[PDB]
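Here's the structure, in structure tokens; my notes come after.
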Amino acid sequence: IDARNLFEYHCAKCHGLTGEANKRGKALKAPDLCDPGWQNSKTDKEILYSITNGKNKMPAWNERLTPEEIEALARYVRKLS
Ligand code: HEC
Ligand SMILES: [Cl-]
């Protein structure tokens with residue numbers, strides 16, 4: 001699975017290509033995925049859950065993405081630090 005490319009289409013809209021949240025993401029109170037501080041405040045089961053189910057006001061991706069695709073993405077979110 002090409003998790004980078006799934007990410008940049010689906011996700012980079014808010015988190016930015018590098019995972020520093022851009023002005024769209026900042027305005028929605030997005031975190032900086034790229035931040036080691038943030039990365040260390042979450043687990044993988046937490047990340048997988050939030051992509052699958054949505055997080056506070058944010059929608060779930062388990063319609064548009066397969067479980068496989070969500071896992072690759074979770075592993076990709078980790079590669080941004
Ligand atoms: C804006 C329109 C977003 C898009 C598109 C995606 N995400 Fe997101 N994400 C966004 C916000 C505003 C937040 C914070 C929500 C809050 O109230 O805390 C998040 C959060 C995440 C997280 C962290 C989840 C957690 O429980 O802390 C992750 C791992 C994450 N987002 C990843 C992610 C992926 C993989 C996306 C594409 C499939 C994606 N997000 C889309 C804003 C937006
Ligand atoms: Cl999309």
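Following the order of the structure tokens, chains are lettered A, B, ..., residues in each are numbered from 1, and ligands are numbered from 1.
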
Close residues, residue A:68 itself excluded, 12 Å, only C-alpha atoms, min 2 positions apart in chain, as a list in words: residues 1, 2, 3, 6, 48, 52, 62, 64, 65, 66, 70, 71, 72, 73, 74 and 75 of chain A

Just C-alpha atoms for this one: save the residues we selected as a PDB file, in the first residue's frame.
```pdb
ATOM      1  CA  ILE A   1       0.000   0.000   0.000  1.00  0.00           C
ATOM      2  CA  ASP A   2       1.222   3.541  -0.905  1.00  0.00           C
ATOM      3  CA  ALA A   3       0.451   5.236   2.384  1.00  0.00           C
ATOM      4  CA  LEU A   6      -3.188   8.086   0.292  1.00  0.00           C
ATOM      5  CA  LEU A  48      -5.950   3.609  14.435  1.00  0.00           C
ATOM      6  CA  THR A  52     -11.365   4.672  11.886  1.00  0.00           C
ATOM      7  CA  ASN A  62     -13.713   3.803   7.752  1.00  0.00           C
ATOM      8  CA  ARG A  64     -13.659   5.795   2.380  1.00  0.00           C
ATOM      9  CA  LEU A  65     -10.646   3.635   3.376  1.00  0.00           C
ATOM     10  CA  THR A  66     -10.171  -0.100   3.936  1.00  0.00           C
ATOM     11  CA  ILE A  70      -6.055   2.713   7.659  1.00  0.00           C
ATOM     12  CA  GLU A  71      -3.211   0.684   9.126  1.00  0.00           C
ATOM     13  CA  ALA A  72      -0.773   1.780   6.440  1.00  0.00           C
ATOM     14  CA  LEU A  73      -1.836   5.344   7.163  1.00  0.00           C
ATOM     15  CA  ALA A  74      -1.379   4.893  10.908  1.00  0.00           C
ATOM     16  CA  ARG A  75       2.124   3.576  10.252  1.00  0.00           C
TER      17      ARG A  75
END
```

Could you tell me, as a PyMOL selection string, which residues of chain A DSSP assigns to alpha helix (DSSP H) when given the backbone? chain A and resi 3-10+12-15+23-27+36-39+44-53+67-78

Let me have all residues with an atom within 8 Å of ligand 2, counting only C-alpha atoms and all ligand atoms, laid out as an NGL selection string. :A and (9-11 or 64)

Output file for the residues above (N, CA and C atoms, as a compact mmCIF listing (two decimals), in the first residue's frame):
```txt
# COMPACT_ATOMS: atom_id res chain seq x y z
N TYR A 9 -3.37 12.97 -0.63
CA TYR A 9 -4.71 13.23 -1.16
C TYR A 9 -5.71 13.44 -0.02
N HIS A 10 -5.86 12.44 0.85
CA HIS A 10 -6.93 12.45 1.84
C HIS A 10 -6.65 13.43 2.99
N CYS A 11 -5.42 13.46 3.48
CA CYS A 11 -5.11 13.93 4.83
C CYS A 11 -4.35 15.23 4.83
N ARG A 64 -14.42 5.56 3.60
CA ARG A 64 -13.66 5.80 2.38
C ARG A 64 -12.41 4.93 2.26
```

With only C-alpha atoms and all ligand atoms counted, collect every polymer residue having an atom within 7 Å of ligand 1; state the result as number ranges by chain. A: 7, 10-15, 25, 28-31, 42, 46-47, 50-51, 55-58, 61, 73-74, 77

Kindly export the residues of the current selection with N, CA and C atoms, as a PDB file, in the first residue's frame.
```pdb
ATOM      1  N   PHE A   7      -2.158   9.500   1.984  1.00  0.00           N
ATOM      2  CA  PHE A   7      -2.140  10.598   2.940  1.00  0.00           C
ATOM      3  C   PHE A   7      -2.262  11.943   2.234  1.00  0.00           C
ATOM      4  N   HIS A  10      -5.857  12.439   0.846  1.00  0.00           N
ATOM      5  CA  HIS A  10      -6.929  12.454   1.839  1.00  0.00           C
ATOM      6  C   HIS A  10      -6.650  13.425   2.985  1.00  0.00           C
ATOM      7  N   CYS A  11      -5.416  13.456   3.484  1.00  0.00           N
ATOM      8  CA  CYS A  11      -5.109  13.931   4.829  1.00  0.00           C
ATOM      9  C   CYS A  11      -4.348  15.235   4.831  1.00  0.00           C
ATOM     10  N   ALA A  12      -3.356  15.363   3.948  1.00  0.00           N
ATOM     11  CA  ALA A  12      -2.538  16.566   3.877  1.00  0.00           C
ATOM     12  C   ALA A  12      -3.365  17.842   3.749  1.00  0.00           C
ATOM     13  N   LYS A  13      -4.627  17.748   3.303  1.00  0.00           N
ATOM     14  CA  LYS A  13      -5.550  18.887   3.282  1.00  0.00           C
ATOM     15  C   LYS A  13      -5.425  19.691   4.574  1.00  0.00           C
ATOM     16  N   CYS A  14      -5.294  19.000   5.708  1.00  0.00           N
ATOM     17  CA  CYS A  14      -5.288  19.611   7.032  1.00  0.00           C
ATOM     18  C   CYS A  14      -3.941  19.506   7.726  1.00  0.00           C
ATOM     19  N   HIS A  15      -3.346  18.322   7.755  1.00  0.00           N
ATOM     20  CA  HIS A  15      -2.107  18.114   8.490  1.00  0.00           C
ATOM     21  C   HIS A  15      -0.871  18.576   7.737  1.00  0.00           C
ATOM     22  N   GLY A  25      -5.723  23.313   8.535  1.00  0.00           N
ATOM     23  CA  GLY A  25      -5.698  22.482   9.735  1.00  0.00           C
ATOM     24  C   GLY A  25      -5.640  23.286  11.025  1.00  0.00           C
ATOM     25  N   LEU A  28      -8.957  24.435  12.161  1.00  0.00           N
ATOM     26  CA  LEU A  28      -9.769  23.381  12.737  1.00  0.00           C
ATOM     27  C   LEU A  28      -9.140  22.785  14.000  1.00  0.00           C
ATOM     28  N   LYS A  29      -8.149  23.462  14.579  1.00  0.00           N
ATOM     29  CA  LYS A  29      -7.506  22.991  15.802  1.00  0.00           C
ATOM     30  C   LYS A  29      -6.851  21.627  15.583  1.00  0.00           C
ATOM     31  N   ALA A  30      -6.232  21.431  14.421  1.00  0.00           N
ATOM     32  CA  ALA A  30      -5.503  20.192  14.184  1.00  0.00           C
ATOM     33  C   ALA A  30      -4.182  20.187  14.951  1.00  0.00           C
ATOM     34  N   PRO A  31      -3.723  19.018  15.374  1.00  0.00           N
ATOM     35  CA  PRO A  31      -2.380  18.910  15.938  1.00  0.00           C
ATOM     36  C   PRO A  31      -1.333  18.875  14.828  1.00  0.00           C
ATOM     37  N   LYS A  42       0.324   9.944  22.064  1.00  0.00           N
ATOM     38  CA  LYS A  42      -0.677   9.041  21.513  1.00  0.00           C
ATOM     39  C   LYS A  42      -0.068   7.659  21.315  1.00  0.00           C
ATOM     40  N   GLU A  46      -4.617   4.152  19.647  1.00  0.00           N
ATOM     41  CA  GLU A  46      -5.330   5.422  19.647  1.00  0.00           C
ATOM     42  C   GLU A  46      -5.391   6.026  18.248  1.00  0.00           C
ATOM     43  N   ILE A  47      -4.286   5.992  17.510  1.00  0.00           N
ATOM     44  CA  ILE A  47      -4.297   6.563  16.174  1.00  0.00           C
ATOM     45  C   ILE A  47      -5.229   5.781  15.267  1.00  0.00           C
ATOM     46  N   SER A  50      -8.793   6.662  15.985  1.00  0.00           N
ATOM     47  CA  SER A  50      -9.252   7.981  15.612  1.00  0.00           C
ATOM     48  C   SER A  50      -9.383   8.107  14.098  1.00  0.00           C
ATOM     49  N   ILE A  51      -8.543   7.421  13.330  1.00  0.00           N
ATOM     50  CA  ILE A  51      -8.763   7.441  11.890  1.00  0.00           C
ATOM     51  C   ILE A  51     -10.017   6.643  11.550  1.00  0.00           C
ATOM     52  N   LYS A  55     -12.276  11.924  15.298  1.00  0.00           N
ATOM     53  CA  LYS A  55     -11.951  12.176  16.683  1.00  0.00           C
ATOM     54  C   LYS A  55     -12.748  13.026  17.666  1.00  0.00           C
ATOM     55  N   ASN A  56     -12.936  14.347  17.538  1.00  0.00           N
ATOM     56  CA  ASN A  56     -14.015  14.934  18.327  1.00  0.00           C
ATOM     57  C   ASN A  56     -15.227  15.351  17.515  1.00  0.00           C
ATOM     58  N   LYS A  57     -14.975  16.280  16.597  1.00  0.00           N
ATOM     59  CA  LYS A  57     -15.897  16.750  15.591  1.00  0.00           C
ATOM     60  C   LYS A  57     -15.477  16.223  14.254  1.00  0.00           C
ATOM     61  N   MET A  58     -14.501  15.449  14.241  1.00  0.00           N
ATOM     62  CA  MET A  58     -13.961  15.119  12.949  1.00  0.00           C
ATOM     63  C   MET A  58     -14.490  13.768  12.513  1.00  0.00           C
ATOM     64  N   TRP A  61     -12.967   7.800   8.859  1.00  0.00           N
ATOM     65  CA  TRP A  61     -12.526   7.420   7.530  1.00  0.00           C
ATOM     66  C   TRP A  61     -12.826   5.970   7.179  1.00  0.00           C
ATOM     67  N   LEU A  73      -1.825   3.937   6.804  1.00  0.00           N
ATOM     68  CA  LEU A  73      -1.836   5.344   7.163  1.00  0.00           C
ATOM     69  C   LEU A  73      -1.365   5.567   8.597  1.00  0.00           C
ATOM     70  N   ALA A  74      -1.849   4.752   9.539  1.00  0.00           N
ATOM     71  CA  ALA A  74      -1.379   4.893  10.908  1.00  0.00           C
ATOM     72  C   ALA A  74       0.137   4.758  10.950  1.00  0.00           C
ATOM     73  N   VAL A  77       1.612   7.940   9.554  1.00  0.00           N
ATOM     74  CA  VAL A  77       1.559   9.071  10.478  1.00  0.00           C
ATOM     75  C   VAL A  77       2.756   9.035  11.411  1.00  0.00           C
TER      76      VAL A  77
END
```

Just checking: using only C-alpha atoms, which residue out of A:59, A:79, A:49, A:36 ends up closest to residue A:17?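 Residue with the minimum atom-to-atom distance to residue A:17: A:79.
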